[PDB]
Amino acid sequence: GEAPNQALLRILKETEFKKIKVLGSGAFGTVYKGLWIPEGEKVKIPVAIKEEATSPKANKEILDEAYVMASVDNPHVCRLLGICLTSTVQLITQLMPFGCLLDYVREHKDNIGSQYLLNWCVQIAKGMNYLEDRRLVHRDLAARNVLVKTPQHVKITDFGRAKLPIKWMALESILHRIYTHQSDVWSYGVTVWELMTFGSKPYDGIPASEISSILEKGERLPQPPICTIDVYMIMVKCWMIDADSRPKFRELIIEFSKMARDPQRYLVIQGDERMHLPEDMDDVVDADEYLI
Ligand SMILES: */C=C\C(=O)Nc1cccc(Nc2nc(Nc3ccc(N4CCN(C(C)=O)CC4)cc3OC)ncc2C(F)(F)F)c1
């Protein structure tokens with residue numbers, strides 16, 4: 001009983017963009033930094049291009065991600081700019097210059113303040129709440145799949161596995177392949193734990209075959225050193241077995257937004273107050289100001 005998806009899918013000519021560098025590499029496909037110029041529009045857009053050789057099942061994976069990226073518009077979700085129909089189909093999205101958030105809290109852990117951490121949790125809940133409003137389920141929410149546009153502004157990404165990573169899975173998901181927005185709240189909880197530990201690996205050492213039994217006993221990830229019981233309690237609530245008991249993303253916005261209004265009451269970071277995080281570029285425009 002759903003509404004017609006009238007999102008526009010833009011096909012871009014290979015001539016419209018230049019690849020400047022390789023950002024990330026796999027045999028399946030590689031990600032490039034690059035610039036894109038709409039043909040008649042006199043702008044330059046910093047983009048990231050995802051692309052190697054193609055099994056017939058390979059192209060069906062990238063197109064589902066493009067279908068999902070093209071139907072979302074939210075300040076905290078990565079937006080598709082278009083696709084290019086060269087022999088290996090290219091997905092073209094907005095360049096998130098500071099890279100992936102997991103890598104970012106590791107590289108800068110000694111300059112990351114409680115106000116940023118609480119803002120990222122707010123921005124991520126907003127993204128996920130937008131996804132729940134649009135009746136979507138991520139299935140792979142993790143700090144590795146949140147990208148950093150500025151240090152003030154993160155966006156959720158990786159919709160390849162989206163529908164309508166065992167250490168980020170919900171227990172119901174691990175036992176019975178069940179996936180909900182509430183199962184997404186679980187991985188939200190694990191995602192916040194990664195940030196509060198500056199990128200620590202959850203259940204480090206423990207093999208994934210062991211994860212299902214542990215969680216049944218009642219064990220959970222431990223309270224991060226910087227976390228007041230308020231923040232840690234919210235994580236723990238995301239990890240209830242009864243999924244109706246986990247919080248909704250709209251409540252996580254409210255709660256973490258309440259805490260982002262006085263961040264040092266809720267995260268205790270040594271020296272928290274002192275820390276601060278940052279051709280021709282004349283016709284340059286960020287994707288977020290390029291509207292169609
Ligand atoms: C959590 C790991 C991860 O997702 N890493 C990653 C690596 C490559 C591409 C993407 N996807 C992506 N990336 C950007 N922006 C981006 C990522 C990484 C860098 N780095 C780190 C590594 N590096 C070298 C030389 O070793 C170069 C700098 C830089 C940038 O942007 C300048 N933007 C968008 C995506 C997207 F998700 F694919 F759209 C993720």
# chains A, B, ... in the order shown; residues from 1 in each chain; ligands from 1
>>> residues_near_ligand(ligand="ligand 1", cutoff="9 Å", atoms="only C-alpha atoms and all ligand atoms", output="PyMOL selection string")
chain A and resi 21-25+30-33+47-50+78-80+91-104+142-149+156-158
>>> select_by_dssp(residues="range 34-233 of chain A", states="strand (DSSP E)", output="PyMOL selection string")
chain A and resi 34-36+45-50+80-84+90-94+146-150+153-156
>>> write_last_selection(atoms="C-alpha atoms", output="PDB file, in the first residue's frame")
ATOM      1  CA  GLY A  34      37.070  12.990  -9.041  1.00  0.00           C
ATOM      2  CA  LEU A  35      35.369  16.058 -10.445  1.00  0.00           C
ATOM      3  CA  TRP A  36      32.098  16.148 -12.363  1.00  0.00           C
ATOM      4  CA  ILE A  45      31.251  18.976  -8.236  1.00  0.00           C
ATOM      5  CA  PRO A  46      33.741  16.960  -6.153  1.00  0.00           C
ATOM      6  CA  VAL A  47      32.471  13.411  -6.472  1.00  0.00           C
ATOM      7  CA  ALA A  48      33.485   9.881  -5.608  1.00  0.00           C
ATOM      8  CA  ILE A  49      33.148   7.249  -8.357  1.00  0.00           C
ATOM      9  CA  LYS A  50      32.667   3.532  -7.617  1.00  0.00           C
ATOM     10  CA  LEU A  80      23.553   9.760  -5.517  1.00  0.00           C
ATOM     11  CA  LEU A  81      24.481  12.185  -8.253  1.00  0.00           C
ATOM     12  CA  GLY A  82      24.062   9.682 -11.082  1.00  0.00           C
ATOM     13  CA  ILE A  83      25.447   6.621 -12.816  1.00  0.00           C
ATOM     14  CA  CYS A  84      27.611   6.204 -15.899  1.00  0.00           C
ATOM     15  CA  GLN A  90      29.987   3.603 -12.444  1.00  0.00           C
ATOM     16  CA  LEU A  91      28.118   4.976  -9.418  1.00  0.00           C
ATOM     17  CA  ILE A  92      28.787   8.684  -8.864  1.00  0.00           C
ATOM     18  CA  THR A  93      28.138  10.225  -5.417  1.00  0.00           C
ATOM     19  CA  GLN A  94      29.286  13.160  -3.316  1.00  0.00           C
ATOM     20  CA  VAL A 146      29.356   6.591   8.039  1.00  0.00           C
ATOM     21  CA  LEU A 147      31.259   9.139   5.991  1.00  0.00           C
ATOM     22  CA  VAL A 148      32.642  12.472   7.120  1.00  0.00           C
ATOM     23  CA  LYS A 149      31.765  15.426   4.890  1.00  0.00           C
ATOM     24  CA  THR A 150      33.135  17.924   7.400  1.00  0.00           C
ATOM     25  CA  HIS A 153      28.660  16.753   9.287  1.00  0.00           C
ATOM     26  CA  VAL A 154      28.509  12.978   8.776  1.00  0.00           C
ATOM     27  CA  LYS A 155      26.271  10.887   6.475  1.00  0.00           C
ATOM     28  CA  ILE A 156      25.238   7.255   6.387  1.00  0.00           C
TER      29      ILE A 156
END
>>> atom_distance(atom1="CA of residue 184 in chain A", atom2="CA of residue 132 in chain A")
9.5 Å
>>> residues_around(residues="residue 259 in chain A", least_positions_apart="2", cutoff="12 Å", atoms="only C-alpha atoms", output="ChimeraX atom specification")
/A:114-122,227-228,230-231,234,252-257,261-267
>>> closest_atom_pairs(of="range 6-116 of chain A", to="range 161-174 of chain A", cutoff="10 Å", atoms="only C-alpha atoms", output="CSV")
residue,atom,partner,partner_atom,distance
A:61,CA,A:161,CA,8.8
A:64,CA,A:162,CA,8.4
A:65,CA,A:162,CA,7.8
A:68,CA,A:162,CA,7.8
>>> residues_around(residues="residue 186 in chain A", least_positions_apart="3", cutoff="12 Å", atoms="only C-alpha atoms", output="VMD selection string")
chain A and resid 125 128 138 to 142 166 to 174 179 to 183 189 to 193 220 to 221 234 to 249 252
>>> write_last_selection(atoms="C-alpha atoms", output="short mmCIF file (atom, residue, chain, number, x, y, z; two decimals), in the first residue's frame")
data_model
loop_
_atom_site.label_atom_id
_atom_site.label_comp_id
_atom_site.auth_asym_id
_atom_site.auth_seq_id
_atom_site.Cartn_x
_atom_site.Cartn_y
_atom_site.Cartn_z
CA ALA A 125 19.94 8.90 14.43
CA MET A 128 18.36 6.33 10.36
CA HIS A 138 19.98 -0.59 6.35
CA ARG A 139 21.21 -3.89 7.63
CA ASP A 140 24.76 -2.73 7.86
CA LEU A 141 24.99 0.26 10.11
CA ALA A 142 28.49 0.59 11.42
CA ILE A 166 27.89 -10.35 13.24
CA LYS A 167 29.30 -8.05 15.84
CA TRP A 168 26.92 -5.29 14.72
CA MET A 169 24.01 -7.72 14.23
CA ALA A 170 20.92 -7.95 16.42
CA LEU A 171 20.41 -11.30 18.09
CA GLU A 172 17.13 -11.93 16.34
CA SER A 173 18.99 -11.17 13.13
CA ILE A 174 21.74 -13.67 13.96
CA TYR A 179 15.65 -7.56 10.17
CA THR A 180 13.72 -4.53 11.49
CA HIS A 181 14.21 -0.84 12.06
CA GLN A 182 14.60 -2.06 15.65
CA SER A 183 17.27 -4.52 14.56
CA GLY A 189 24.08 0.94 19.64
CA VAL A 190 27.19 -0.91 18.50
CA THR A 191 28.02 2.03 16.25
CA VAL A 192 27.90 4.47 19.16
CA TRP A 193 30.13 2.14 21.16
CA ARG A 220 27.04 -7.10 26.22
CA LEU A 221 29.78 -4.73 25.16
CA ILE A 234 21.18 4.26 26.09
CA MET A 235 23.55 1.87 24.32
CA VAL A 236 22.36 -0.97 26.57
CA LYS A 237 18.71 -0.14 25.79
CA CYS A 238 19.52 -0.63 22.07
CA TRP A 239 20.65 -4.16 22.99
CA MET A 240 17.51 -5.60 24.61
CA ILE A 241 16.34 -8.97 23.36
CA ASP A 242 12.74 -7.71 23.17
CA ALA A 243 12.94 -5.45 20.12
CA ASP A 244 9.82 -3.42 21.11
CA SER A 245 11.90 -2.47 24.17
CA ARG A 246 14.83 -1.00 22.25
CA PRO A 247 14.40 2.74 21.55
CA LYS A 248 13.16 4.29 18.34
CA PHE A 249 15.49 6.44 16.25
CA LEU A 252 17.62 8.63 20.14
#
>>> residues_around(residues="residue 204 in chain A", least_positions_apart="5", cutoff="12 Å", atoms="only C-alpha atoms", output="JSON, numbers by chain")
{"A": [167, 194, 199, 210, 211, 221, 222]}
>>> write_last_selection(atoms="C-alpha atoms", output="mmCIF file, in the first residue's frame")
data_model
loop_
_atom_site.group_PDB
_atom_site.id
_atom_site.type_symbol
_atom_site.label_atom_id
_atom_site.label_comp_id
_atom_site.auth_asym_id
_atom_site.auth_seq_id
_atom_site.Cartn_x
_atom_site.Cartn_y
_atom_site.Cartn_z
ATOM 1 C CA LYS A 167 29.296 -8.046 15.841
ATOM 2 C CA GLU A 194 32.763 2.256 18.378
ATOM 3 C CA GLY A 199 37.324 2.932 16.971
ATOM 4 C CA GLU A 210 30.850 -17.448 19.713
ATOM 5 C CA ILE A 211 28.839 -14.184 19.470
ATOM 6 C CA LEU A 221 29.785 -4.734 25.162
ATOM 7 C CA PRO A 222 31.442 -2.976 28.141
#
>>> closest_residue(among="A:56, A:178, A:13, A:250", to="residue 131 in chain A", atoms="only C-alpha atoms")
A:250
>>> atom_distance(atom1="CA of residue 284 in chain A", atom2="CA of residue 19 in chain A")
15.7 Å
>>> select_by_dssp(residues="range 2-108 of chain A", states="alpha helix (DSSP H)", output="number ranges by chain")
A: 56-70, 101-108
>>> write_last_selection(atoms="N, CA, C and O atoms", output="PDB file, in the first residue's frame")
ATOM      1  N   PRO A  56      28.011 -11.060 -14.472  1.00  0.00           N
ATOM      2  CA  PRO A  56      26.639 -10.540 -14.668  1.00  0.00           C
ATOM      3  C   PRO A  56      25.921 -10.222 -13.356  1.00  0.00           C
ATOM      4  O   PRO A  56      25.053  -9.337 -13.334  1.00  0.00           O
ATOM      5  N   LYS A  57      26.269 -10.913 -12.261  1.00  0.00           N
ATOM      6  CA  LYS A  57      25.704 -10.630 -10.948  1.00  0.00           C
ATOM      7  C   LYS A  57      26.346  -9.414 -10.296  1.00  0.00           C
ATOM      8  O   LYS A  57      25.760  -8.836  -9.371  1.00  0.00           O
ATOM      9  N   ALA A  58      27.530  -9.011 -10.763  1.00  0.00           N
ATOM     10  CA  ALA A  58      28.191  -7.842 -10.190  1.00  0.00           C
ATOM     11  C   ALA A  58      27.401  -6.560 -10.448  1.00  0.00           C
ATOM     12  O   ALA A  58      27.235  -5.737  -9.540  1.00  0.00           O
ATOM     13  N   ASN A  59      26.905  -6.369 -11.680  1.00  0.00           N
ATOM     14  CA  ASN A  59      26.171  -5.141 -12.004  1.00  0.00           C
ATOM     15  C   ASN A  59      24.830  -5.066 -11.284  1.00  0.00           C
ATOM     16  O   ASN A  59      24.335  -3.967 -11.014  1.00  0.00           O
ATOM     17  N   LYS A  60      24.220  -6.209 -10.972  1.00  0.00           N
ATOM     18  CA  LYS A  60      22.958  -6.177 -10.243  1.00  0.00           C
ATOM     19  C   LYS A  60      23.157  -5.744  -8.793  1.00  0.00           C
ATOM     20  O   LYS A  60      22.201  -5.299  -8.146  1.00  0.00           O
ATOM     21  N   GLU A  61      24.379  -5.857  -8.266  1.00  0.00           N
ATOM     22  CA  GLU A  61      24.627  -5.397  -6.900  1.00  0.00           C
ATOM     23  C   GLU A  61      24.727  -3.873  -6.832  1.00  0.00           C
ATOM     24  O   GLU A  61      24.175  -3.243  -5.920  1.00  0.00           O
ATOM     25  N   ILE A  62      25.414  -3.265  -7.799  1.00  0.00           N
ATOM     26  CA  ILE A  62      25.641  -1.826  -7.794  1.00  0.00           C
ATOM     27  C   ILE A  62      24.370  -1.067  -8.154  1.00  0.00           C
ATOM     28  O   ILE A  62      24.166   0.073  -7.709  1.00  0.00           O
ATOM     29  N   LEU A  63      23.494  -1.671  -8.958  1.00  0.00           N
ATOM     30  CA  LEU A  63      22.286  -0.964  -9.348  1.00  0.00           C
ATOM     31  C   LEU A  63      21.271  -0.901  -8.210  1.00  0.00           C
ATOM     32  O   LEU A  63      20.529   0.081  -8.104  1.00  0.00           O
ATOM     33  N   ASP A  64      21.231  -1.904  -7.332  1.00  0.00           N
ATOM     34  CA  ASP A  64      20.325  -1.797  -6.192  1.00  0.00           C
ATOM     35  C   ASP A  64      20.762  -0.675  -5.268  1.00  0.00           C
ATOM     36  O   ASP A  64      19.932   0.098  -4.774  1.00  0.00           O
ATOM     37  N   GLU A  65      22.069  -0.525  -5.076  1.00  0.00           N
ATOM     38  CA  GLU A  65      22.567   0.612  -4.309  1.00  0.00           C
ATOM     39  C   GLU A  65      22.197   1.950  -4.962  1.00  0.00           C
ATOM     40  O   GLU A  65      21.839   2.903  -4.261  1.00  0.00           O
ATOM     41  N   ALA A  66      22.270   2.040  -6.301  1.00  0.00           N
ATOM     42  CA  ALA A  66      21.891   3.273  -7.004  1.00  0.00           C
ATOM     43  C   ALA A  66      20.397   3.553  -6.885  1.00  0.00           C
ATOM     44  O   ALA A  66      19.992   4.713  -6.707  1.00  0.00           O
ATOM     45  N   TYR A  67      19.563   2.506  -7.016  1.00  0.00           N
ATOM     46  CA  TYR A  67      18.128   2.654  -6.791  1.00  0.00           C
ATOM     47  C   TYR A  67      17.849   3.228  -5.405  1.00  0.00           C
ATOM     48  O   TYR A  67      16.980   4.097  -5.239  1.00  0.00           O
ATOM     49  N   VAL A  68      18.571   2.742  -4.388  1.00  0.00           N
ATOM     50  CA  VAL A  68      18.310   3.181  -3.021  1.00  0.00           C
ATOM     51  C   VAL A  68      18.871   4.584  -2.788  1.00  0.00           C
ATOM     52  O   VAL A  68      18.209   5.434  -2.172  1.00  0.00           O
ATOM     53  N   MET A  69      20.077   4.866  -3.304  1.00  0.00           N
ATOM     54  CA  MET A  69      20.660   6.198  -3.112  1.00  0.00           C
ATOM     55  C   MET A  69      19.837   7.271  -3.796  1.00  0.00           C
ATOM     56  O   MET A  69      19.716   8.389  -3.286  1.00  0.00           O
ATOM     57  N   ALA A  70      19.261   6.944  -4.955  1.00  0.00           N
ATOM     58  CA  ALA A  70      18.508   7.923  -5.727  1.00  0.00           C
ATOM     59  C   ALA A  70      17.151   8.248  -5.103  1.00  0.00           C
ATOM     60  O   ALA A  70      16.588   9.307  -5.398  1.00  0.00           O
ATOM     61  N   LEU A 101      34.125   7.407   8.935  1.00  0.00           N
ATOM     62  CA  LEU A 101      34.120   7.893  10.316  1.00  0.00           C
ATOM     63  C   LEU A 101      34.962   6.994  11.237  1.00  0.00           C
ATOM     64  O   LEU A 101      35.703   7.509  12.101  1.00  0.00           O
ATOM     65  N   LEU A 102      34.867   5.668  11.040  1.00  0.00           N
ATOM     66  CA  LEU A 102      35.691   4.734  11.812  1.00  0.00           C
ATOM     67  C   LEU A 102      37.171   5.105  11.739  1.00  0.00           C
ATOM     68  O   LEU A 102      37.849   5.224  12.769  1.00  0.00           O
ATOM     69  N   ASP A 103      37.689   5.281  10.518  1.00  0.00           N
ATOM     70  CA  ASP A 103      39.073   5.699  10.342  1.00  0.00           C
ATOM     71  C   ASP A 103      39.327   7.045  10.997  1.00  0.00           C
ATOM     72  O   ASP A 103      40.441   7.317  11.459  1.00  0.00           O
ATOM     73  N   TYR A 104      38.305   7.900  11.045  1.00  0.00           N
ATOM     74  CA  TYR A 104      38.504   9.278  11.479  1.00  0.00           C
ATOM     75  C   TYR A 104      38.655   9.367  12.997  1.00  0.00           C
ATOM     76  O   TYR A 104      39.495  10.133  13.497  1.00  0.00           O
ATOM     77  N   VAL A 105      37.853   8.606  13.752  1.00  0.00           N
ATOM     78  CA  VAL A 105      38.013   8.693  15.199  1.00  0.00           C
ATOM     79  C   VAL A 105      39.317   8.024  15.629  1.00  0.00           C
ATOM     80  O   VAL A 105      39.896   8.403  16.652  1.00  0.00           O
ATOM     81  N   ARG A 106      39.822   7.058  14.851  1.00  0.00           N
ATOM     82  CA  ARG A 106      41.122   6.477  15.178  1.00  0.00           C
ATOM     83  C   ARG A 106      42.252   7.462  14.921  1.00  0.00           C
ATOM     84  O   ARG A 106      43.140   7.629  15.760  1.00  0.00           O
ATOM     85  N   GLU A 107      42.233   8.131  13.772  1.00  0.00           N
ATOM     86  CA  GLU A 107      43.317   9.046  13.444  1.00  0.00           C
ATOM     87  C   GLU A 107      43.355  10.266  14.358  1.00  0.00           C
ATOM     88  O   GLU A 107      44.433  10.840  14.568  1.00  0.00           O
ATOM     89  N   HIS A 108      42.207  10.694  14.896  1.00  0.00           N
ATOM     90  CA  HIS A 108      42.134  11.965  15.613  1.00  0.00           C
ATOM     91  C   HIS A 108      41.685  11.818  17.062  1.00  0.00           C
ATOM     92  O   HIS A 108      41.341  12.831  17.686  1.00  0.00           O
TER      93      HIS A 108
END
>>> atom_distance(atom1="CA of residue 133 in chain A", atom2="CA of residue 77 in chain A")
13.1 Å
